[PDB]
Amino acid sequence: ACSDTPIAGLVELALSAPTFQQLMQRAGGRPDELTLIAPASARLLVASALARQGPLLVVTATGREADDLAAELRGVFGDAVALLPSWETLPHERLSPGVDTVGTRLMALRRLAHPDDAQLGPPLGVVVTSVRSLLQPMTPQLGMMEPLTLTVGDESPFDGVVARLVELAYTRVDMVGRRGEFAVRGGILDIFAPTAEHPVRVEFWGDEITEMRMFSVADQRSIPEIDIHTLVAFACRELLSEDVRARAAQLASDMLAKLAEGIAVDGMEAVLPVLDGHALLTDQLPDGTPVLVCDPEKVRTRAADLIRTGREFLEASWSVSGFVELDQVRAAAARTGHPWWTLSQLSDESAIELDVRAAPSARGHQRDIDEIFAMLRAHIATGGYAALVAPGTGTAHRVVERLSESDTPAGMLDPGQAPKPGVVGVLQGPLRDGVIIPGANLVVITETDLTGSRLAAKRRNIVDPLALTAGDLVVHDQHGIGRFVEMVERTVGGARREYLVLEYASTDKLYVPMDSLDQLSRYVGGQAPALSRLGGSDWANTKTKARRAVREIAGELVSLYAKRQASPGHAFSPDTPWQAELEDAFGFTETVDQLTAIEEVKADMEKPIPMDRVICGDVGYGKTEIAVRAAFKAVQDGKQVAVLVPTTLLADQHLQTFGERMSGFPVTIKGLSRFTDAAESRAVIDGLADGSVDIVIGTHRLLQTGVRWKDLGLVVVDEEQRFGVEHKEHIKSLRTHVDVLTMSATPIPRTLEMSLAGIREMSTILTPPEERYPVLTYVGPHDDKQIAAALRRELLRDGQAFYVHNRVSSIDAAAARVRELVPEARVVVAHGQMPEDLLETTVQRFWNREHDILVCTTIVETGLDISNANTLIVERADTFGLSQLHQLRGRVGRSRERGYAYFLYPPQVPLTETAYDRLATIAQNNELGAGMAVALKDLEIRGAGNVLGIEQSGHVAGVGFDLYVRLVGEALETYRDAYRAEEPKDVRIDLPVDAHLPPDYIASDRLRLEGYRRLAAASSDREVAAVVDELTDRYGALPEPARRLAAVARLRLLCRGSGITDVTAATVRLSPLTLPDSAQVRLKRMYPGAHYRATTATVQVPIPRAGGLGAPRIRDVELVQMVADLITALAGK
């Protein structure tokens, strides 16, 4: 059928087998009891047998066991089956669960009560969830809870719409950062529904909606690709009318107290039982629908585990139950008209055994696959039906190439059709493990049955709100270092003019206007105060003695461009036909903003010129995956590659990632780490020479002397910063003759990416925020239960955890202190003072699941990417700068597994409220906003710095980082334009005009400075008239006070384009721009009253009065276009 149900063709065939027919026949009368004993590898069509007959809810053991099944049902039943997301936090945990998890659940519950009302989607047929939602004492008023539907033609009032948003647990913010937020512009509304991949911008005209259009949180700009006209945004919590406020104060203290008030606080979810009506899920299911149960011996145990965690968390909350029993919840199934069906793979003669059996499973060794391809190569001979299922179309086509290579007929199938009678009609599908049904002579083998073991990047165009906290420190170009105090307004003459005040050392104040924000930036160099430059004539010396200092970095960085352009090299052939068969192992839809990272890195390879490209990203994987795509093209042209890493752990992480991905393609991928014994070295090195090792991945061992590649074609270096000094040069002597591919994690500002775009082509990738699942942050006193009670949670799903402790004198002692809390777990110490041999050993055990908890220091937590350690705990978070935390919890929640983060402070020693501003900031609007974003802007130190040369600590403290990397930029631009075979000064304008960003247009302060900056830095009207295209997209049509602000901006450009410094005034006078008698008299008829001086020009001009005798003045608008005309007339335009 429709391509969205690809696997339905294969399943409808298997279901035709009689073993399901009777199973469908027996489960056709809705028997109040049932018992089936079939292999667990076939949970999908067991439901797909009961599903279309009886619309049912299925229960999986874990959440992952629900998702893997929920896709196996969506692939056949399209969107008729919806996943019911299990929760994340325990009912009495102080962490509100994920907003997406809440809404995605609310969406499901309203589909139940209104399946025929397809206001959002088709009627639900099947539901999937773990037990943890089945035991949820849900307040039943959800399917009867109305969301806030909107439509373009609506008449909904402004202040009423927000009044329901704020009632639906929506957090007002400056700018929309995450799901569950919203902001109000002037008559324009920005909200973020939790069930959408993108937020929206519903535009109002009084009480009539003018427009609805999504927008990308990255740059907060809209997108025109998809136009929508209606929205549905369920609440973010499972509870807050005026009814419960009384039920809060009448009964942690501030929580219910603020709950009684209009102050919603985190952790409200722990007050659901107090605020009856324990309507279980069977009391929310539609009338007369059964419940399928998988692995009872698991869910039973799983039920107990969820139960004990409850009391384990309640008694943890008593530091200043949970789910109902399974049998009682079961007692309502046959009490509310709901059968109870059992599934199990354990042998049984009492129940109904199904004739379906398991399927083979090869792990890596192709020899076993020959014993599987032959099984395919024989069952089809007896007219048998068979088709290999795979997740990726590119891989599915490889199977056709791989089966025919093994002397076996094959062929890709149309999505939604059964396998052909005789051929292997390979079909893309999300099935996990193969299954064989003799009831139709049918055999299906998923690609996982060979791998045994089983998400893209994005480009950059972002914003920068000038968050300036009082007492901060900034660099002013023409003046020098400063100390920031406050943002002053001044209504002098009816017209506003906002300013910024800076404090100096001594002629002590300085109001920087809004036409000079491009000349300000933070200070990062000294990491400590320096001489606050006084307004005088010594700071300029510090500048002039710095421009000369950049020559070494000027000549060197521009030299590599000369050498690379001189030395030609192998231009790689275009994309091998095999390329678009590895790149499509995932059924996901590619993003035309992730392609541009490869086509950038590809075309650079495709030139005869070598490649000098750099990737600076935080994702860790999405850029790592880019390597395998490039390294695949290279060896396809017959040119072995080399991959460099600074940690032997990284050599193994990548090698497994490479091997798993490059499994099924003939490319040798041997590796060279420290723990690869020398008996394996001599096989690698020699294998490198004879052209057998197609791909080598190794530590600094690959740099030492006695190595040689047979015409190495591609070098990939990962996180150059960790590499040693003398190793950092042996790669500098390597970028000249081979297409190196540098990749780092230091975040680079958007200056370098364009400041040096001809020299070193750098690129910055970042996982788009609307696609990252945030980490549930907690901030509380240092309790020895809440830690341990949290530890066992992550430990339940066989995950690990980071327990950081900086002060190296206690970490050894504070290590065992953990074990007394959790002795059942495994803990290890790790820090920088550990020698080389011990550290990469202790860490390598960690990645191989020989341990459960890592007592690391702030360093080792960073630079360690673990696909399972989704739990962070931080003792004494009061001693940590705001930035490090953002790096710290970045390591948790990278994969699909949602991650937590526990920040702790001493028990009864009250922390400074300044530090309270720290730990509150990390709790509220974390990923971006006012506070934390100001930190990662200061992250330009390593970003702008360590990406090029290093921090010359003596030549920065006094100029600051931002001014350093900005200085070599034009210094390189001087060297760029130099070989071909001083810019004008600043202009000051003071006109009686209303040119300001009014607060009623831009409510916030920082969001107002960016527009002031983003417009005062534009270099051409094309750029000036461009920010307007952004402002109306974000805040609405420019009011007349702003149109003048745009007007004077162009007037500056025309003035600068004509050599003008001061245009001052009823006597409009301009700069010393001199005039010849040719035009010096041309002004007569043009403007009579004026006059001019040949030496000190200062062209004086009178103001025009319209009308007759009443003597007004020409309107503000009519003025600027006049001044923008006489300038054009003088020079001639």
# chains A, B, ... in the order shown; residues from 1 in each chain; ligands from 1
$ residues_around --residues "segment 445-455 of chain A" --least-positions-apart "5" --cutoff "6 Å" --atoms "only C-alpha atoms" --output "list in words"
residues 361, 362, 363, 364, 388, 389, 390, 433 and 434 of chain A
$ select_by_dssp --residues "segment 678-887 of chain A" --states "strand (DSSP E)" --output "ChimeraX atom specification"
/A:695-698,714-718,739-744,761-763,776-781,801-804,827-829,853-855,871-874
$ write_last_selection --atoms "N, CA, C and O atoms" --output "short mmCIF file (atom, residue, chain, number, x, y, z; two decimals), in the first residue's frame"
data_model
loop_
_atom_site.label_atom_id
_atom_site.label_comp_id
_atom_site.auth_asym_id
_atom_site.auth_seq_id
_atom_site.Cartn_x
_atom_site.Cartn_y
_atom_site.Cartn_z
N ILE A 695 42.21 0.36 5.68
CA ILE A 695 41.96 1.41 6.66
C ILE A 695 42.65 1.04 7.96
O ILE A 695 42.48 -0.07 8.46
N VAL A 696 43.45 1.97 8.50
CA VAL A 696 44.12 1.79 9.78
C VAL A 696 43.64 2.87 10.74
O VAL A 696 43.50 4.04 10.35
N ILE A 697 43.36 2.48 11.98
CA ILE A 697 42.94 3.39 13.04
C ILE A 697 43.90 3.19 14.21
O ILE A 697 44.05 2.07 14.70
N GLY A 698 44.55 4.27 14.65
CA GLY A 698 45.60 4.11 15.64
C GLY A 698 45.89 5.35 16.44
O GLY A 698 45.54 6.48 16.05
N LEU A 714 44.44 9.58 2.52
CA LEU A 714 43.55 10.37 3.37
C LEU A 714 43.94 10.21 4.83
O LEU A 714 44.08 9.08 5.31
N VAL A 715 44.09 11.33 5.53
CA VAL A 715 44.41 11.36 6.95
C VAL A 715 43.28 12.05 7.69
O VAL A 715 42.87 13.16 7.31
N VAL A 716 42.75 11.41 8.73
CA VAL A 716 41.73 11.98 9.59
C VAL A 716 42.29 12.04 11.01
O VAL A 716 42.66 11.00 11.57
N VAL A 717 42.37 13.25 11.57
CA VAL A 717 42.82 13.47 12.94
C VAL A 717 41.62 13.92 13.76
O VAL A 717 40.85 14.78 13.34
N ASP A 718 41.45 13.31 14.94
CA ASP A 718 40.30 13.54 15.80
C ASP A 718 40.77 14.26 17.06
O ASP A 718 41.60 13.74 17.80
N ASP A 739 45.40 14.65 1.68
CA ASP A 739 44.15 15.32 2.04
C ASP A 739 43.82 15.00 3.49
O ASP A 739 43.02 14.12 3.80
N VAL A 740 44.46 15.74 4.40
CA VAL A 740 44.14 15.61 5.81
C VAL A 740 42.70 16.05 6.05
O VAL A 740 42.15 16.88 5.32
N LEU A 741 42.07 15.45 7.06
CA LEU A 741 40.72 15.84 7.47
C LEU A 741 40.77 16.08 8.98
O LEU A 741 40.67 15.13 9.77
N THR A 742 40.95 17.33 9.37
CA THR A 742 41.01 17.68 10.78
C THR A 742 39.61 17.76 11.35
O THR A 742 38.69 18.28 10.72
N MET A 743 39.45 17.20 12.55
CA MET A 743 38.19 17.28 13.27
C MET A 743 38.49 17.54 14.74
O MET A 743 39.44 16.98 15.29
N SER A 744 37.69 18.40 15.36
CA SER A 744 37.92 18.82 16.73
C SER A 744 36.58 18.91 17.45
O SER A 744 35.52 18.67 16.87
N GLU A 761 39.75 26.08 5.20
CA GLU A 761 38.30 25.98 5.13
C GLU A 761 37.81 25.23 6.36
O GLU A 761 37.96 24.01 6.46
N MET A 762 37.24 25.96 7.32
CA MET A 762 36.74 25.37 8.55
C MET A 762 35.22 25.31 8.51
O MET A 762 34.57 26.14 7.87
N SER A 763 34.67 24.32 9.21
CA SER A 763 33.23 24.14 9.29
C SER A 763 32.85 23.76 10.71
O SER A 763 33.60 23.09 11.41
N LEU A 776 17.65 15.68 32.55
CA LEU A 776 16.84 16.08 33.70
C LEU A 776 17.76 16.51 34.83
O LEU A 776 18.27 15.68 35.59
N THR A 777 17.96 17.81 34.96
CA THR A 777 18.88 18.36 35.95
C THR A 777 18.21 18.42 37.31
O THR A 777 17.02 18.71 37.42
N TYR A 778 18.99 18.13 38.35
CA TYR A 778 18.54 18.25 39.73
C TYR A 778 19.57 19.04 40.52
O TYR A 778 20.77 18.92 40.30
N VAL A 779 19.07 19.86 41.45
CA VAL A 779 19.91 20.67 42.34
C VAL A 779 19.34 20.55 43.75
O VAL A 779 18.25 21.07 44.02
N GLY A 780 20.06 19.86 44.63
CA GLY A 780 19.61 19.65 45.99
C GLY A 780 20.76 19.44 46.95
O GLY A 780 21.93 19.34 46.56
N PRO A 781 20.45 19.38 48.25
CA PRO A 781 21.49 19.13 49.25
C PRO A 781 22.14 17.77 49.06
O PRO A 781 21.57 16.86 48.45
N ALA A 801 27.56 5.38 35.36
CA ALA A 801 27.33 6.73 35.87
C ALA A 801 28.66 7.40 36.17
O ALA A 801 29.64 6.74 36.53
N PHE A 802 28.68 8.72 36.03
CA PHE A 802 29.84 9.54 36.35
C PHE A 802 29.61 10.19 37.71
O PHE A 802 28.60 10.88 37.91
N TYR A 803 30.53 9.95 38.64
CA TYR A 803 30.48 10.54 39.97
C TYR A 803 31.74 11.38 40.10
O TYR A 803 32.79 10.89 40.54
N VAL A 804 31.65 12.65 39.72
CA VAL A 804 32.83 13.51 39.63
C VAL A 804 33.22 14.03 41.01
O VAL A 804 32.37 14.25 41.89
N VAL A 827 32.81 0.40 41.25
CA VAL A 827 33.28 1.78 41.20
C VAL A 827 34.77 1.79 40.90
O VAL A 827 35.48 0.82 41.19
N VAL A 828 35.24 2.89 40.31
CA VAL A 828 36.65 3.04 39.95
C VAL A 828 37.04 4.51 40.07
O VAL A 828 36.21 5.41 39.93
N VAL A 829 38.32 4.73 40.33
CA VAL A 829 38.91 6.06 40.43
C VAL A 829 39.61 6.37 39.12
O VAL A 829 40.14 5.48 38.44
N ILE A 853 30.46 2.64 38.05
CA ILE A 853 30.53 4.05 38.45
C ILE A 853 31.97 4.52 38.32
O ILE A 853 32.90 3.82 38.74
N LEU A 854 32.15 5.71 37.75
CA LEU A 854 33.46 6.30 37.56
C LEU A 854 33.60 7.51 38.47
O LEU A 854 32.87 8.49 38.32
N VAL A 855 34.54 7.43 39.42
CA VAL A 855 34.89 8.60 40.24
C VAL A 855 36.01 9.32 39.49
O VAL A 855 37.20 9.12 39.73
N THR A 871 24.22 9.15 33.40
CA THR A 871 23.89 9.60 34.75
C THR A 871 25.10 10.31 35.34
O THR A 871 26.15 9.68 35.52
N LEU A 872 24.96 11.59 35.64
CA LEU A 872 26.04 12.39 36.19
C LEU A 872 25.68 12.84 37.60
O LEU A 872 24.54 13.23 37.87
N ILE A 873 26.65 12.77 38.51
CA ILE A 873 26.53 13.30 39.86
C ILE A 873 27.75 14.16 40.14
O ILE A 873 28.88 13.79 39.78
N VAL A 874 27.54 15.32 40.76
CA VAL A 874 28.59 16.31 40.99
C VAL A 874 28.57 16.70 42.46
O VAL A 874 27.67 17.42 42.91
#
$ select_by_dssp --residues "segment 392-524 of chain A" --states "alpha helix (DSSP H)" --output "PyMOL selection string"
chain A and resi 393-405+448-451
$ residues_around --residues "residue 274 of chain A" --least-positions-apart "2" --cutoff "10 Å" --atoms "only C-alpha atoms" --output "count of residues only"
8
$ closest_residue --among "A:578, A:6, A:344, A:475" --to "residue 426 of chain A" --atoms "only C-alpha atoms"
A:6
$ closest_residue --among "A:27, A:218, A:255, A:693" --to "residue 459 of chain A" --atoms "only C-alpha atoms"
A:218
$ residues_around --residues "residue 539 of chain A" --least-positions-apart "5" --cutoff "12 Å" --atoms "only C-alpha atoms" --output "PyMOL selection string"
chain A and resi 475-482+531-534+544-546+958-959
$ closest_residue --among "A:658, A:1001, A:979, A:77" --to "residue 1036 of chain A" --atoms "only C-alpha atoms"
A:1001
$ atom_distance --atom1 "atom CA of residue 467 of chain A" --atom2 "atom CA of residue 1010 of chain A"
9.3 Å
$ atom_distance --atom1 "atom CA of residue 972 of chain A" --atom2 "atom CA of residue 1012 of chain A"
28.1 Å
$ atom_distance --atom1 "atom CA of residue 439 of chain A" --atom2 "atom CA of residue 358 of chain A"
13.6 Å
$ closest_residue --among "A:111, A:198, A:548, A:792" --to "residue 312 of chain A" --atoms "only C-alpha atoms"
A:792
$ closest_residue --among "A:863, A:322, A:121, A:835" --to "residue 649 of chain A" --atoms "only C-alpha atoms"
A:863
